[PDB]
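Asker: This is the structure I want to talk about, given as structure tokens.
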Amino acid sequence: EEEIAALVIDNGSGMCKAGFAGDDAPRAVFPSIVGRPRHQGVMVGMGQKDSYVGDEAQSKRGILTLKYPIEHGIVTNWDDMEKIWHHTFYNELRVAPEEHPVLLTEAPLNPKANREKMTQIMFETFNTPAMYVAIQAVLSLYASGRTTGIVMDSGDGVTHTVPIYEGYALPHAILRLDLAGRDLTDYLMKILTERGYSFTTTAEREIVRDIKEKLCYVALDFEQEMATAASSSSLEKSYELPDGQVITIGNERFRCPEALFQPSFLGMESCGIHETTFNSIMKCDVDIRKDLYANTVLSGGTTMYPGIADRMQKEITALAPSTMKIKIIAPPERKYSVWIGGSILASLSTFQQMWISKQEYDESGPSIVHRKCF
Amino acid sequence: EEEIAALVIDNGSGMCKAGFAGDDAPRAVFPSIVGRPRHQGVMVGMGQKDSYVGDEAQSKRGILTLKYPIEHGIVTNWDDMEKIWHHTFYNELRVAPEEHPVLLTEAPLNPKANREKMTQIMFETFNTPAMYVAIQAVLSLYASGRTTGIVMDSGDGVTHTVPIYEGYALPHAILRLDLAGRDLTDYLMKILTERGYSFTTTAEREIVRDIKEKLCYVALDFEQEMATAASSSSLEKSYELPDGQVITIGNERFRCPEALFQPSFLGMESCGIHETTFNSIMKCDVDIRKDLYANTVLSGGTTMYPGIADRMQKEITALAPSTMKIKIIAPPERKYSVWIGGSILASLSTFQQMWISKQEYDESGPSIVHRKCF
Amino acid sequence: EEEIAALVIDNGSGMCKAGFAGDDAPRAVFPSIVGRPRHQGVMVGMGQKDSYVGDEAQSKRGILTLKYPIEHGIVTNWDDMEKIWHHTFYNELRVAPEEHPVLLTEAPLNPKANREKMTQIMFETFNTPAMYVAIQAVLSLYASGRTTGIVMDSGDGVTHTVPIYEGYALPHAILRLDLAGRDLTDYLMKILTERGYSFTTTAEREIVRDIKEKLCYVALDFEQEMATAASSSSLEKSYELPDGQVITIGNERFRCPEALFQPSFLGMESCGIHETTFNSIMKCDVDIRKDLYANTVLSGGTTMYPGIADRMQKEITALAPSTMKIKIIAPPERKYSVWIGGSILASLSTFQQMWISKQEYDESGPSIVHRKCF
Ligand SMILES: Nc1ncnc2c1ncn2[C@@H]1O[C@H](COP(=O)(O)OP(=O)(O)O)[C@@H](O)[C@H]1O
Ligand SMILES: Nc1ncnc2c1ncn2[C@@H]1O[C@H](COP(=O)(O)OP(=O)(O)O)[C@@H](O)[C@H]1O
Ligand SMILES: Nc1ncnc2c1ncn2[C@@H]1O[C@H](COP(=O)(O)OP(=O)(O)O)[C@@H](O)[C@H]1O
Ligand SMILES: [Mg+2]
Ligand SMILES: [Mg+2]
Ligand SMILES: [Mg+2]
């Protein structure tokens with residue numbers, strides 16, 4: 001075949017988004033979880049299967065304890081990650097990685113060890129001709145088809161912010177904020193408890209993740225919505241648990257995402273996301289700011305909440321000079337923006353020379369990740 | 001011969017159900033009773049036969065006092081149990097236990113001594129190559145051919161409840177309730193007495209056991225049926241005693257099994273069986289409950305009463321979320337479910353390595369029962 | 001009189017600890033139980049007394065079914081709670097609550113409804129000039145006379161953990177773990193059953209509570225002590241039941257409290273108490289940790305077991321940096337620490353302005369509990 005295709009994998013914590021480069025959507029997207037049988041089984045002709053990976057784990061949740069192998073964009077446990085990759089290639093895609101160059105995503109400001117060790121695996125686990133490790137935000141910017149913008153990237157892992165002008169990139173300006181979908185989930189299960197509902201375990205932690213993925217939304221003004229919580233009508237929603245129990249969540253709903261804008265709720269000093277955006281933009285040269293204010297791109301799973309764009313618009317506009325208009329461009333299909341970006345990058349002809357080649361690695365070692373790529 | 005066959009014995013109190021592993025029904029099933037001649041005989045060329053075991057005792061009832069060696073899943077008297085086993089092997093099956101591995105059933109949450117001592121006997125009474133001691137409920141679940149369910153196990157011994165999901169098993173969730181066929185019998189003979197019929201002795205205690213085994217049934221609503229007892233037509237049934245006397249039992253019939261649902265009748269606080277099932281399910285992880293509500297399996301002799309399934313369905317459905325449908329799967333042939341399960345387990349190839357070997361016992365002692373098996 | 005005194009009540013589940021503010025020990029401490037006569041009485045000139053409350057119930061146990069009105073720091077049944085409070089004021093203290101401000105304790109992370117409804121009762125049941133509802137852990141920290149520490153609060157209700165530095169308090173850091181004296185009791189009666197002793201009923205459930213309150217102790221290494229259980233000498237203890245029966249409990253003794261450190265025994269994933277303490281400390285700012293490691297305060301009834309402090313010390317030290325010394329401060333009289341703390345708080349002069357006044361409630365409603373107090 002010509003070009004051999006290429007493979008793309010986005011691993012921020014939470015989800016593996018994988019598929020062939022050269023396609024508009026990934027084939028496989030599943031949760032990055034390694035569940036292990038915590039309870040000793042007593043039958044015969046079970047499994048045994050030491051552990052389960054991917055949406056298999058979601059299916060058989062109750063038995064397993066789940067461990068997310070990636071936290072805050074850092075891989076805690078490598079064998080687990082390897083298992084997840086194993087699952088992606090063999091279980092879903094059904095590819096021999098020897099037959100494809102593979103692109104991996106990775107978060108900014110992230111420890112060296114992760115990139116280096118990542119590469120070490122890809123070469124000396126799944127024998128592969130070539131690979132690349134790329135910054136998440138840039139990819140989403142490509143996916144949006146814009147050359148310039150400040151990409152607000154918040155996955156389940158961690159939140160990141162990378163201003164880009166006319167390509168280029170500003171290292172000093174790049175900001176990384178420790179908040180995530182996962183932190184919101186932890187906050188949320190906390191906030192439910194005041195209502196009586198107690199979710200103590202990893203299994204049901206994912207149930208609240210599911211709740212947040214639909215029921216939660218961001219207030220266009222927090223205090224107003226909280227005021228209107230007095231007369232509860234629309235702000236309460238019934239949710240059905242898999243157990244059959246019913247949950248009814250009012251104001252607690254929208255204050256969950258509020259945390260992004262008020263990390264004091266969580267107890268961290270680190271400024272809210274909008275202020276971090278200003279922190280990024282203010283670090284940039286005076287000249288370019290005009291378009292960065294106007295070209296803010298949101299990416300990653302934890303920007304999905306309804307009404308986030310609007311709130312960011314209102315806050316940034318409030319803070320900034322009203323001399324210039326602040327457009328925020330947040331596409332739907334943002335969740336997959338990183339992966340799409342990866343697809344487009346590996347599809348690019350010129351890119352086909354920038355790969356880290358197996359050969360190059362074998363001569364020069366794993367450390368070469370930083371030398372070559374950003 | 002290949003595989004040597006294998007032997008299976010179910011001893012919950014009341015009945016010994018024994019036969020060859022690898023068959024769909026046991027060969028021998030007889031009552032676990034050791035009758036002794038209480039009255040001194042005066043002839044010559046009698047017996048003498050110090051005691052009788054199995055349905056022999058049923059045949060010659062009047063003379064003997066019967067002693068059930070097992071109470072509440074605990075063996076009261078070991079020599080008696082040994083005698084019963086003796087009878088099963090030599091009198092019915094006609095096997096040398098040296099030539100067969102033997103599987104025993106045993107109830108959950110049961111004292112260690114019973115398992116340990118049980119094994120001690122099997123090795124150092126009937127010389128046998130290998131053996132295993134297995135939980136009653138699991139076996140019935142196998143017999144039903146389902147991988148998941150909450151098995152409500154009530155024999156004559158005691159009632160037990162073990163939720164199982166996808167194999168696995170939840171120790172904390174396992175529940176053991178002190179009610180049984182035998183307690184119902186004791187209640188029943190009590191309740192007859194208000195009608196005039198007085199059954200004071202072990203002999204006729206078994207007569208009432210027989211009555212209960214057919215005449216008694218469970219109300220689909222207790223109070224309604226008791227109300228309709230005013231106009232007695234169908235609720236009375238003539239029963240013929242072996243004496244030739246006739247008994248006529250009305251409302252007293254169905255309130256006997258009612259006890260399972262209203263242990264206050266018996267005077268115990270311990271919740272009714274349906275509530276215990278909820279107690280089990282509620283102890284389990286939120287995720288799996290959906291299928292446990294739907295996969296409840298009834299086993300054991302004292303689930304045989306007509307209409308039990310229906311009442312359990314109505315009560316559980318009443319208590320639970322009506323969001324999810326509560327199927328109860330109660331096969332006919334449930335009585336023998338444990339034994340069938342044993343047959344299927346010993347028939348399994350892989351199981352053939354999990355046996356407790358004579359050799360292993362000789363090195364490691366009797367205590368190894370818990371170490372190896374559940 | 002000057003200052004009017006003030007009243008203090010600690011209701012975590014299990015015990016009501018009540019007395020006058022301004023004294024070093026509470027006057028009345030009795031079990032929070034509402035026993036009801038389950039069996040219909042037949043005499044004349046009995047009671048009748050629909051139910052019994054407090055150590056009255058302990059005295060007349062056999063007849064009654066006992067219901068603990070509080071579970072997991074949540075009041076299940078309000079009328080019952082009201083009855084218990086009734087009993088405290090009228091039966092023991094002999095006070096008119098109109099003549100005293102009353103302080104109540106309450107557990108962290110606890111449902112709003114409990115605080116709100118609690119206040120609703122105190123104002124519209126026992127007419128009272130003022131009241132306050134306070135966090136259990138803080139109170140014990142006061143009682144210990146230290147300004148800083150991480151208070152591990154485990155009653156019979158639930159276990160809680162609140163780090164405090166120089167006063168202040170860290171909401172995000174506060175941890176609440178579902179384990180308790182009551183869960184240990186449930187585990188313990190389970191574990192006895194393997195020995196033959198079967199305790200099926202609420203009455204004798206309290207007998208095992210009593211056993212645990214003395215016989216049980218925590219291993220300074222679990223596996224070592226369990227190993228030494230082979231040669232049983234000191235690890236067995238005879239206990240006398242009220243029935244006159246004697247119980248003999250070996251290794252089963254110490255593995256009961258082991259559960260706090262290995263909740264897998266109970267079947268919960270939730271980490272052990274020491275790990276939860278680390279979970280709390282790790283949530284806190286890097287700066288303060290040094291003194292939290294050094295100032296851990298244990299409170300509540302279910303820290304009473306001999307050897308708990310030592311085990312916590314060994315585990316925390318093992319996990320933490322050995323760069324800094326980990327003192328654990330666990331006073332004897334810890335059981336009463338919450339109540340003492342309450343006494344000292346109501347004694348404080350300035351506190352006398354922070355009360356929730358009857359007047360304030362009447363204008364502003366019950367919801368004001370959260371508004372004013374923590
Ligand atoms: N539909 C949704 N609405 C709101 N939040 C969502 C939704 N889907 C996912 N999330 C949140 O975003 C997270 C997924 O982020 P993801 O894009 O997988 O990050 P990454 O690409 O870095 O792995 C989830 O864990 C969840 O908290
Ligand atoms: N046909 C029947 N109808 C109703 N109840 C029955 C019937 N047969 C047996 N029982 C009750 O169930 C008991 C038998 O239980 P069994 O299955 O032998 O328990 P186990 O398997 O634990 O020994 C009897 O003692 C009797 O009380
Ligand atoms: N002397 C003791 N030794 C060991 N455990 C005890 C002792 N006394 C009480 N306990 C355990 O602690 C519990 C009492 O906790 P308590 O302090 O009343 O909690 P709270 O203050 O939240 O009500 C009892 O139920 C028992 O399990
Ligand atoms: Mg991402
Ligand atoms: Mg049985
Ligand atoms: Mg307490």
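Labels for the structure tokens follow display order: chains A, B, ..., residues from 1 in each chain, ligands from 1.
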Counting only C-alpha atoms, give me one row per residue of chain A with an atom at most 6 Å from an atom of chain B, showing the shortest contact pair and its distance in Å to one decimal, sorted by chain then residue number, as JSON lines.
Answerer:
{"residue": "A:41", "atom": "CA", "partner": "B:168", "partner_atom": "CA", "distance": 3.5}
{"residue": "A:42", "atom": "CA", "partner": "B:168", "partner_atom": "CA", "distance": 5.4}
{"residue": "A:43", "atom": "CA", "partner": "B:167", "partner_atom": "CA", "distance": 5.7}
{"residue": "A:62", "atom": "CA", "partner": "B:287", "partner_atom": "CA", "distance": 5.2}
{"residue": "A:242", "atom": "CA", "partner": "B:287", "partner_atom": "CA", "distance": 5.9}
{"residue": "A:243", "atom": "CA", "partner": "B:286", "partner_atom": "CA", "distance": 5.3}
{"residue": "A:244", "atom": "CA", "partner": "B:323", "partner_atom": "CA", "distance": 5.5}
Asker: If we count only C-alpha atoms and set the cut-off at 7 Å, which residues sit around region 250-264 of chain A, ignoring sequence neighbours fewer than 4 positions away in its own chain? Please answer as a list in words.
Answerer: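 Here the answer would be residues 184, 187, 188, 191, 215, 216, 217, 218, 219, 226, 229, 235, 236, 237, 268, 269, 270, 271, 272, 273 and 274 of chain A.
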Asker: Write a file of the just-selected residues containing N, CA, C and O atoms, as a CSV table (one decimal), in the first residue's frame.
Answerer:
chain,number,residue,atom,x,y,z
A,184,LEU,N,-13.5,17.5,39.2
A,184,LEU,CA,-14.9,17.9,39.3
A,184,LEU,C,-15.7,16.7,39.9
A,184,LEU,O,-16.6,16.9,40.7
A,187,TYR,N,-15.2,16.4,43.5
A,187,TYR,CA,-16.0,17.5,44.1
A,187,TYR,C,-17.4,17.1,44.2
A,187,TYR,O,-18.1,17.3,45.2
A,188,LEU,N,-17.9,16.6,43.1
A,188,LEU,CA,-19.3,16.3,42.9
A,188,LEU,C,-19.8,15.3,43.9
A,188,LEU,O,-20.8,15.4,44.5
A,191,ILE,N,-20.3,16.8,47.1
A,191,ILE,CA,-21.4,17.7,47.2
A,191,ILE,C,-22.8,17.0,47.3
A,191,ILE,O,-23.8,17.6,47.7
A,215,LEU,N,-26.2,15.6,33.3
A,215,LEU,CA,-27.0,16.6,34.2
A,215,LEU,C,-26.4,17.9,34.5
A,215,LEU,O,-27.0,18.9,34.5
A,216,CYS,N,-25.1,18.0,34.7
A,216,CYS,CA,-24.4,19.2,35.1
A,216,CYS,C,-24.4,20.3,34.0
A,216,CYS,O,-24.3,19.9,32.9
A,217,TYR,N,-24.4,21.6,34.4
A,217,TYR,CA,-24.3,22.6,33.4
A,217,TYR,C,-23.7,23.8,34.1
A,217,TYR,O,-23.7,23.9,35.3
A,218,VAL,N,-23.2,24.8,33.3
A,218,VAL,CA,-22.6,25.9,33.9
A,218,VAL,C,-23.5,27.1,33.8
A,218,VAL,O,-24.2,27.4,32.8
A,219,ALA,N,-23.6,27.8,35.0
A,219,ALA,CA,-24.4,29.0,35.1
A,219,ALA,C,-23.8,30.2,34.3
A,219,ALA,O,-22.6,30.5,34.4
A,226,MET,N,-28.2,30.3,41.7
A,226,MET,CA,-28.2,29.7,43.0
A,226,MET,C,-29.4,30.4,43.8
A,226,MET,O,-30.0,29.8,44.6
A,229,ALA,N,-32.5,28.7,42.7
A,229,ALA,CA,-32.7,27.5,43.4
A,229,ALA,C,-33.6,27.5,44.6
A,229,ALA,O,-34.0,26.4,45.1
A,235,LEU,N,-34.4,23.2,38.0
A,235,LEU,CA,-33.1,22.9,38.4
A,235,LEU,C,-32.9,21.6,39.0
A,235,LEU,O,-31.8,21.0,39.1
A,236,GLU,N,-34.0,21.0,39.4
A,236,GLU,CA,-34.0,19.6,39.9
A,236,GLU,C,-34.2,18.6,38.7
A,236,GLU,O,-35.0,18.9,37.9
A,237,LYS,N,-33.4,17.6,38.7
A,237,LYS,CA,-33.6,16.5,37.7
A,237,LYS,C,-33.5,15.2,38.4
A,237,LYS,O,-32.6,14.9,39.2
A,268,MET,N,-8.2,25.1,46.3
A,268,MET,CA,-6.9,25.5,45.7
A,268,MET,C,-7.0,27.0,45.4
A,268,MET,O,-8.1,27.6,45.1
A,269,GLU,N,-5.8,27.6,45.5
A,269,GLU,CA,-5.6,29.1,45.2
A,269,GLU,C,-5.6,29.3,43.7
A,269,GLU,O,-6.1,30.4,43.2
A,270,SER,N,-5.1,28.3,43.0
A,270,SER,CA,-4.9,28.4,41.6
A,270,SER,C,-6.1,29.1,40.9
A,270,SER,O,-7.2,28.7,41.3
A,271,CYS,N,-5.8,30.1,40.1
A,271,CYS,CA,-6.9,30.9,39.6
A,271,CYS,C,-7.8,30.1,38.8
A,271,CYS,O,-7.4,29.0,38.3
A,272,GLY,N,-9.0,30.6,38.6
A,272,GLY,CA,-10.0,30.0,37.7
A,272,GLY,C,-9.5,30.0,36.3
A,272,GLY,O,-8.7,30.8,35.9
A,273,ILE,N,-10.2,29.2,35.4
A,273,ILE,CA,-9.8,29.0,34.1
A,273,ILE,C,-9.7,30.3,33.2
A,273,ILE,O,-8.8,30.5,32.5
A,274,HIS,N,-10.7,31.1,33.4
A,274,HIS,CA,-10.7,32.4,32.7
A,274,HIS,C,-9.5,33.2,33.0
A,274,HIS,O,-8.9,33.8,32.1
Asker: Need to verify the contact set: residue 185 (chain C), 10 Å, only C-alpha atoms, exclusion of same-chain residues closer than 3 positions in sequence. Can you return it as a PyMOL selection string?
Answerer: chain C and resi 156+180-182+188-191+205-213+256-257
Asker: Grab me every residue within 6 Å of ligand 3, counting only C-alpha atoms and all ligand atoms, and send it over as a list in words.
Answerer: residues 11, 12, 13, 14, 15, 155, 156, 157, 181, 182, 209, 212, 213, 214, 300, 301, 302, 304, 305 and 335 of chain C
Asker: Which neighbours of residue 27 (chain A) fall inside 9 Å, counting only C-alpha atoms, when residues of the same chain fewer than 5 positions from it are skipped, and could you give them as a PyMOL selection string?
Answerer: chain A and resi 17-20+92-93
Asker: Print the selection's residues with N, CA, C and O atoms to a file, as a PDB file, in the first residue's frame.
Answerer:
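Contents of again04.pdb, as written:
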ATOM      1  N   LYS A  17      -8.547   7.434  22.707  1.00  0.00           N
ATOM      2  CA  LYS A  17      -9.260   7.748  21.459  1.00  0.00           C
ATOM      3  C   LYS A  17      -8.302   7.344  20.377  1.00  0.00           C
ATOM      4  O   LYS A  17      -7.229   7.858  20.334  1.00  0.00           O
ATOM      5  N   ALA A  18      -8.615   6.298  19.638  1.00  0.00           N
ATOM      6  CA  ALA A  18      -7.652   5.742  18.712  1.00  0.00           C
ATOM      7  C   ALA A  18      -8.329   5.422  17.408  1.00  0.00           C
ATOM      8  O   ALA A  18      -9.534   5.194  17.335  1.00  0.00           O
ATOM      9  N   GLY A  19      -7.521   5.420  16.342  1.00  0.00           N
ATOM     10  CA  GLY A  19      -8.053   5.108  15.042  1.00  0.00           C
ATOM     11  C   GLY A  19      -6.991   5.346  14.007  1.00  0.00           C
ATOM     12  O   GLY A  19      -5.850   5.696  14.329  1.00  0.00           O
ATOM     13  N   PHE A  20      -7.367   5.155  12.751  1.00  0.00           N
ATOM     14  CA  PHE A  20      -6.457   5.422  11.651  1.00  0.00           C
ATOM     15  C   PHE A  20      -6.334   6.891  11.311  1.00  0.00           C
ATOM     16  O   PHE A  20      -7.302   7.603  11.065  1.00  0.00           O
ATOM     17  N   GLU A  92      -9.343  -3.842  19.496  1.00  0.00           N
ATOM     18  CA  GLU A  92     -10.212  -3.033  18.670  1.00  0.00           C
ATOM     19  C   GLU A  92      -9.779  -2.917  17.245  1.00  0.00           C
ATOM     20  O   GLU A  92     -10.559  -3.224  16.354  1.00  0.00           O
ATOM     21  N   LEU A  93      -8.577  -2.379  17.033  1.00  0.00           N
ATOM     22  CA  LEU A  93      -8.098  -1.999  15.689  1.00  0.00           C
ATOM     23  C   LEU A  93      -7.677  -3.227  14.920  1.00  0.00           C
ATOM     24  O   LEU A  93      -7.836  -3.245  13.723  1.00  0.00           O
TER      25      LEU A  93
END
Asker: Run DSSP on the backbone of this structure and report the residues of region 55-282 of chain C it assigns to strand (DSSP E or B), as a PyMOL selection string.
Answerer: chain C and resi 64-67+70-71+74-75+102-106+130-135+149-154+159-164+175-177+237-240+246-249
Asker: May I ask for the distance between CA of residue 359 (chain A) and CA of residue 97 (chain A), given in Å to one decimal place?
Answerer: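 CA of residue 359 (chain A) sits 15.5 Å away from CA of residue 97 (chain A).
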Asker: Determine the nearest neighbour of ligand 6 from the options C:232, C:154, C:198, C:224, counting only C-alpha atoms and all ligand atoms.
Answerer: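 Among the listed residues, C:154 lies closest to ligand 6.
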Asker: At what distance in Å, to one decimal, does CA of residue 178 (chain A) lie from CA of residue 331 (chain A)?
Answerer: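 Going from CA of residue 331 (chain A) over to CA of residue 178 (chain A), I get 23.5 Å.
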Asker: Using only C-alpha atoms, which protein or nucleic acid residues come within 7 Å of residue 8 (chain A)? Drop anything in the same chain fewer than 2 positions from it, and give the result as a PDB file with C-alpha atoms, in the first residue's frame.
Answerer:
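Printed below is result.pdb as written:
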ATOM      1  CA  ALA A   6      -0.748   5.734  10.192  1.00  0.00           C
ATOM      2  CA  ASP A  10      -4.935  10.295  22.268  1.00  0.00           C
ATOM      3  CA  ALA A  18      -7.652   5.742  18.712  1.00  0.00           C
ATOM      4  CA  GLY A  19      -8.053   5.108  15.042  1.00  0.00           C
ATOM      5  CA  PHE A  20      -6.457   5.422  11.651  1.00  0.00           C
ATOM      6  CA  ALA A  21      -4.831   8.634  10.592  1.00  0.00           C
ATOM      7  CA  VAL A 102       1.955   5.636  15.501  1.00  0.00           C
ATOM      8  CA  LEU A 103       1.238   9.104  16.799  1.00  0.00           C
ATOM      9  CA  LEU A 104       0.740   9.725  20.487  1.00  0.00           C
ATOM     10  CA  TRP A 339      -7.648  12.967  17.934  1.00  0.00           C
ATOM     11  CA  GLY A 342      -3.658  13.822  15.129  1.00  0.00           C
ATOM     12  CA  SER A 343      -5.400  12.367  12.096  1.00  0.00           C
TER      13      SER A 343
END
Asker: Between CA of residue 192 (chain C) and CA of residue 361 (chain B), what is the distance in Å, rounded to a tenth?
Answerer: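 Separation between CA of residue 192 (chain C) and CA of residue 361 (chain B): 25.9 Å.
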Asker: For each of C:275, C:333, C:153, C:363, take the minimum atom-to-atom distance to ligand 6, counting only C-alpha atoms and all ligand atoms, then give the residue where this is smallest.
Answerer: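 Distance minimum relative to ligand 6 lands on C:153.
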Asker: Which residues, written as a PDB file with N, CA, C and O atoms, in the first residue's frame, have at least one atom at most 8 Å from residue 119 (chain B), with only C-alpha atoms counted and residues fewer than 6 positions away on the same chain left out?
Answerer:
ATOM      1  N   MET B 131     -11.203 -35.657  48.058  1.00  0.00           N
ATOM      2  CA  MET B 131     -12.487 -35.147  48.415  1.00  0.00           C
ATOM      3  C   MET B 131     -12.517 -33.659  48.296  1.00  0.00           C
ATOM      4  O   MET B 131     -11.464 -33.025  48.136  1.00  0.00           O
ATOM      5  N   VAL B 133     -15.113 -30.133  49.786  1.00  0.00           N
ATOM      6  CA  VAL B 133     -16.316 -29.724  50.518  1.00  0.00           C
ATOM      7  C   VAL B 133     -16.727 -28.383  49.973  1.00  0.00           C
ATOM      8  O   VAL B 133     -15.892 -27.467  49.882  1.00  0.00           O
ATOM      9  N   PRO B 366      -5.800 -31.763  58.619  1.00  0.00           N
ATOM     10  CA  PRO B 366      -7.193 -31.425  58.409  1.00  0.00           C
ATOM     11  C   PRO B 366      -7.498 -29.955  58.223  1.00  0.00           C
ATOM     12  O   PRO B 366      -8.531 -29.638  57.666  1.00  0.00           O
ATOM     13  N   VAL B 369      -8.608 -27.432  54.961  1.00  0.00           N
ATOM     14  CA  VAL B 369      -9.853 -27.339  54.252  1.00  0.00           C
ATOM     15  C   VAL B 369     -10.041 -25.907  53.850  1.00  0.00           C
ATOM     16  O   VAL B 369     -10.330 -25.614  52.700  1.00  0.00           O
TER      17      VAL B 369
END
Asker: Write out as a ChimeraX atom specification which residues come within 7 Å of residue 238 (chain C) when counting only C-alpha atoms, dropping same-chain ones fewer than 6 positions away.
Answerer: /C:246-249
Asker: Atoms to include: N, CA, C and O atoms. Write the selected residues as a short mmCIF file (atom, residue, chain, number, x, y, z; two decimals), in the first residue's frame.
Answerer:
data_model
loop_
_atom_site.label_atom_id
_atom_site.label_comp_id
_atom_site.auth_asym_id
_atom_site.auth_seq_id
_atom_site.Cartn_x
_atom_site.Cartn_y
_atom_site.Cartn_z
N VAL C 246 -20.39 -19.75 78.47
CA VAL C 246 -19.05 -19.25 78.42
C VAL C 246 -18.57 -19.31 76.99
O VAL C 246 -18.81 -20.25 76.25
N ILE C 247 -17.88 -18.27 76.58
CA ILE C 247 -17.39 -18.16 75.20
C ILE C 247 -15.89 -18.10 75.27
O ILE C 247 -15.37 -17.55 76.23
N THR C 248 -15.20 -18.63 74.27
CA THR C 248 -13.76 -18.64 74.30
C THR C 248 -13.24 -18.19 72.95
O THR C 248 -13.38 -18.91 71.96
N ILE C 249 -12.61 -17.01 72.89
CA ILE C 249 -12.34 -16.38 71.64
C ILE C 249 -10.87 -16.12 71.47
O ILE C 249 -10.29 -15.44 72.30
#
Asker: Using only C-alpha atoms and all ligand atoms for the distances, tell me which of A:127, A:201, A:364, A:140 is nearest to ligand 1.
Answerer: A:140
Asker: Measuring between only C-alpha atoms, which one of C:326, C:281, C:4, C:46 shows the shortest distance to residue 100 (chain C)?
Answerer: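 Of the candidates, the smallest distance to residue 100 (chain C) is held by C:4.
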Asker: Tell me which of A:230, A:266, A:130, A:74 sits closest to residue 183 (chain A), counting only C-alpha atoms.
Answerer: A:266
